[PDB]
Structure formats: C-alpha cells, structure tokens
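K.L.:
Output the structure for:
(chains A and B)
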Amino acid sequence: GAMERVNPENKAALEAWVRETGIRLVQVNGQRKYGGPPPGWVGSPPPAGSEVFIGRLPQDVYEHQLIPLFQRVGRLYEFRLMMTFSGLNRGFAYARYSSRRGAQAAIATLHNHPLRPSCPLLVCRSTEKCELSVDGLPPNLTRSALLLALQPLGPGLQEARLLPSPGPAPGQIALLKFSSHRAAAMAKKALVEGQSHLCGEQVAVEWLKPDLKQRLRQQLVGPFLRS
RNA sequence: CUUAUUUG
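P.N.:
Numbers count the residues shown, from 1 in each chain, chains lettered A, B, ... in the order given. The coordinates are given below.
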C-alpha cells in the first residue's frame, strides 16, 4: 500500500524525539518552536550577534534535521520553524546561539551545506529584532511626535533616534529600540496594518539590515567620535 | 549574498 498517501512517520519521529529531551515543541496556531536545551551548560545569551536564520529550505523537512544541525555548530538556546498554508508550506527558520561565536560558525557551516543537490541552503544573521527601522516619515514633524504617534501601539519602546538616513537622498531614518522582539513586532505590525502615513505623509516599515546597519554606523560614529 | 518572524 501507500506510495500514494502522506507519511505521518515523519512528524511522529520528531514527537518521539521531543519527548526524550523534554522540550515539547510549543505550538503557535500551527507553527512550532524548540526550547529548553539539554544539560551540560548553564547561562543565557548576552548582548551579541548570536542570531542566525536559514532559508530556501525544503518545504517538507522537519526541525528533527535543522535543529541537530544547529546543536552541532554551537550551543542552541532557542530554535523556531515556520510554514504557511496559502497554497503550500514555506521553509524558513531561525535560532539564537549561546554566543555570537556559535552563530558565526553556524552560517559559515550551514550556508556551505548543500542539504540537497537542489537546495543551496541560505543563512543569515544580525536580524536581532531588538531594533526597528522607518523611512519616508512626516515632512517636518518632530521626533517627539513620531514616537508618541506609535507609543500607544508600542509601549515597549525604550528609546528612539532619527537622523542616519540610508542615503543618498535625505529624509532621515528612525531607529527604535524596543524591550523585546515581539514588542517591536506589535508596533511594526500596526504600521504595515495601516497606522502608517503619519501626519498624512508617508512611511515604510522595515527591520535592520546587515548593509543598512554598517551605513547607519559609519555616519553615527560621526557625532560620537567626540563630546 | 540566492534573506524572516507580526502569520499564514
């Protein structure tokens, strides 16, 4: 029989695994995330580039493959894996390492890992979610009103600054530091949902980028090199 | 780089 039916043995295999480590994948309306890593180490990820994200993966692979592939390049603190149902499952996931040295090895090891002859497994980092980015903004409105305009929908905001535009054109950029990933996502989501066009102008909501951040920093160091 | 969570 079979060969014309689904294979539940796959999703059953990881169930038999999570039970033997006691991680018990927490569901998110259908998504899944791993946590509560095995003993042999103690601590918590410090402020570091310990963030890593794989992409362009197979739509049929399970975390029972991606997760061990993470625990071998470095200490995993928390992995997460998501898919969609608009017509077909996606294949993308990310993880946070005990330190950036684990995250740096992971990309340099998994990006160069051809899981299949047709799957150039892509990886990335520095998408910490800890910070939010904005573009366009109001015409002349002050930075104080920008925050207030999004403060009731993102009360987790600790600090924000507006200056270092991506260039070459003017228009500044707004860089918000939230209390948590989701805290920035709750605010970020409201802006893409339609809380944008503040002061009747225009806005574009996006996260930090590894190319954006170096350009941000190269001009941010400017006023910071002195008192 | 062939780049993602807010969610399907």
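
K.L.:
what about residue A:183, which SS state?
P.N.:
Using DSSP: H, G, I helix; E, B strand; the rest coil, the structure places residue A:183 in helix.

K.L.:
Looks like it contacts residue A:156 (just checking).
P.N.:
Yes. Residue A:183 is within contact range of residue A:156, at 3.0 Å (criterion: Cβ atoms under 8 Å). Where you see a C-beta, it was placed from the backbone N, CA and C, and this is true even at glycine.

K.L.:
Please say which of those two ends up with more neighbours.
P.N.:
Counted by other Cβ atoms under 10 Å, residue A:183 and residue A:156 do not tie: residue A:183 has more neighbours, with 20 against 17.

K.L.:
residue contacts, that one?
P.N.:
Residues counted as contacts of residue A:183 (Cβ atoms under 8 Å, 6 or more residues apart in numbering) are A:154, A:156-157.

K.L.:
so which of those would you say is closest to RNA strand B?
P.N.:
Of all the contacts of residue A:183, residue A:154 has the smallest distance to RNA strand B: 11.9 Å, by Cβ to the nearest atom of the strand.

K.L.:
Please name the residues that touch the closest one.
P.N.:
With contact taken as Cβ under 8 Å, 6+ apart, residue A:154 is in contact with A:176, A:178, A:183-184, A:186-187, A:190.

K.L.:
Distance-wise, check it relative to residue A:192.
P.N.:
Distance of residue A:154 to residue A:192, given as Cβ to Cβ, to the nearest Å: 13 Å.

K.L.:
what residues are up against residue A:175?
P.N.:
A:131-134, A:160-162, A:164, A:208, A:216.

K.L.:
tell me which residues in the helix or strand that contains it are buried?
P.N.:
Using DSSP states H and E, residue A:175 maps to strand A:174-178. By neighbour count with 16 or more other Cβ atoms under 10 Å, strand A:174-178 contains the buried residues A:174-176, A:178.

K.L.:
I'm done for today, thanks for sticking with me.
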